[PDB]
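Beneath this line is the structure, given in structure tokens, with notes to follow.
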Amino acid sequence: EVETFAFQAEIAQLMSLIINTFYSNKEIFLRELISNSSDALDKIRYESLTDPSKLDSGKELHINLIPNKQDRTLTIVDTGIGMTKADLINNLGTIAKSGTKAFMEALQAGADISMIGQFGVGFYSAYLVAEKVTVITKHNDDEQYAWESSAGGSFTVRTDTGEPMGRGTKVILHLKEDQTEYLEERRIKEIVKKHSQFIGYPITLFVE
Ligand SMILES: CCNC(=O)c1cc2c(-c3ccc(Cl)cc3Cl)nc(N)nc2s1
């Protein structure tokens with residue numbers, strides 16, 4: 001039903017660093033997630049030029065941002081390529097076992113956290129604002145799975161019993177209690193407009 005996995009030691013230490021380093025510019029997390037999405041839509045757009053048959057589970061290639069004050073969550077939803085269970089398990093828990101060592105040296109040599117996307121591990125910035133992250137993903141190959149983690153060394157994968165969802169990936173941030181500014185419409189618009197104004201796909205910010 002629920003499988004529990006250990007972060008590979010580097011990823012866990014990176015996560016630790018991200019959660020523990022005092023660092024005020026937290027808002028860069030959104031750009032990292034919006035940018036993961038765009039890649040994933042690129043990558044599905046790519047494969048449907050040799051099989052316009054993969055858009056059968058979707059076609060509309062977009063990114064939604066969904067704030068919810070009462071659950072204190074901000075969700076970044078994309079209809080991109082999605083991940084299989086092994087994608088999910090490898091490229092969240094291992095996979096850039098590499099891009100992570102690079103980053104953590106880079107951090108000496110006055111690199112600062114805001115340049116995390118350059119090493120392919122931007123996703124982990126979500127931990128600047130969230131006590132818990134849930135990733136709901138559905139790939140053309142496979143079932144629909146829920147990945148989950150509040151850090152602390154491990155994560156879980158279970159098959160998703162929730163809203164079936166076409167194809168793509170939903171990242172749900174359960175916000176830290178003092179980062180509820182990222183739930184707010186003007187706060188979000190300012191950040192999108194500042195860091196992601198030229199993304200190739202529509203980004204719809206929902207209202208509550
Ligand atoms: C099967 C090929 N797809 C992938 O490898 C993907 C990884 C991601 C990711 C992703 C990438 C890196 C990390 Cl550390 C975490 C995630 Cl959720 N996000 C999104 N929104 N879509 C995809 S598709």
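The chains in the structure tokens are called A, B, ... from first to last as shown; in each chain the residues are counted from 1, and the ligands are counted from 1 in the order shown.
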
So that I can check the secondary structure, give me every residue of segment 76-163 of chain A assigned strand (DSSP E or B) by backbone DSSP, as a list in words.
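In segment 76-163 of chain A, DSSP puts these residues in strand (DSSP E or B): residues 76, 77, 78, 130, 131, 132, 133, 134, 135, 136, 137, 138, 144, 145, 146, 147, 148, 149, 154, 155, 156, 157, 158 and 159 of chain A.
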
Any chance you could tabulate, as CSV, the residues of chain A at most 6 Å from ligand 1 with each one's nearest atom pair and distance in Å to one decimal, using only C-alpha atoms and all ligand atoms, in chain and rising number order?
residue,atom,partner,partner_atom_place_in_ligand_line,distance
A:36,CA,ligand 1,18 (N),4.9
A:37,CA,ligand 1,20 (N),4.1
A:40,CA,ligand 1,23 (S),4.7
A:81,CA,ligand 1,23 (S),5.2
A:82,CA,ligand 1,23 (S),4.5
A:83,CA,ligand 1,1 (C),4.5
A:87,CA,ligand 1,5 (O),5.7
A:91,CA,ligand 1,14 (Cl),5.9
A:92,CA,ligand 1,14 (Cl),4.5
A:121,CA,ligand 1,14 (Cl),5.3
A:123,CA,ligand 1,14 (Cl),4.7
A:135,CA,ligand 1,17 (Cl),5.9
A:169,CA,ligand 1,20 (N),5.0

What does the file look like for those residues with C-alpha atoms, as a compact mmCIF listing (two decimals), in the first residue's frame?
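Here's the written file part.txt:
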# COMPACT_ATOMS: atom_id res chain seq x y z
CA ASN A 36 10.52 21.89 -13.96
CA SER A 37 7.01 22.00 -15.41
CA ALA A 40 8.13 18.42 -18.72
CA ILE A 81 5.31 14.21 -19.43
CA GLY A 82 4.65 12.91 -15.90
CA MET A 83 6.67 10.18 -14.27
CA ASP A 87 10.94 7.80 -12.62
CA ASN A 91 14.72 11.07 -9.99
CA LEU A 92 13.37 12.27 -6.64
CA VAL A 121 17.95 20.04 -8.19
CA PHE A 123 12.79 21.00 -6.97
CA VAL A 135 3.95 15.08 -5.86
CA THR A 169 2.47 16.21 -12.34

Quick one: pick out all alpha helix (DSSP H) residues within chain A from a backbone DSSP run and write them as an NGL selection string.
:A and (9-20 or 28-47 or 85-93 or 99-106 or 126-129 or 185-195)

Selected residue, from A:109, A:33, A:96, A:65, that lies nearest to residue 125 of chain A when counting only C-alpha atoms:
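So, comparing all the options, the nearest one is A:33.
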
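Proximity of A:38, A:73, A:144, A:94 to residue 196 of chain A, computed with only C-alpha atoms, is greatest for A:38.
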
Work out how far atom CA of residue 167 of chain A is from atom CA of residue 54 of chain A, in Å to one decimal.
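Value for the atom CA of residue 54 of chain A-atom CA of residue 167 of chain A distance: 9.6 Å.
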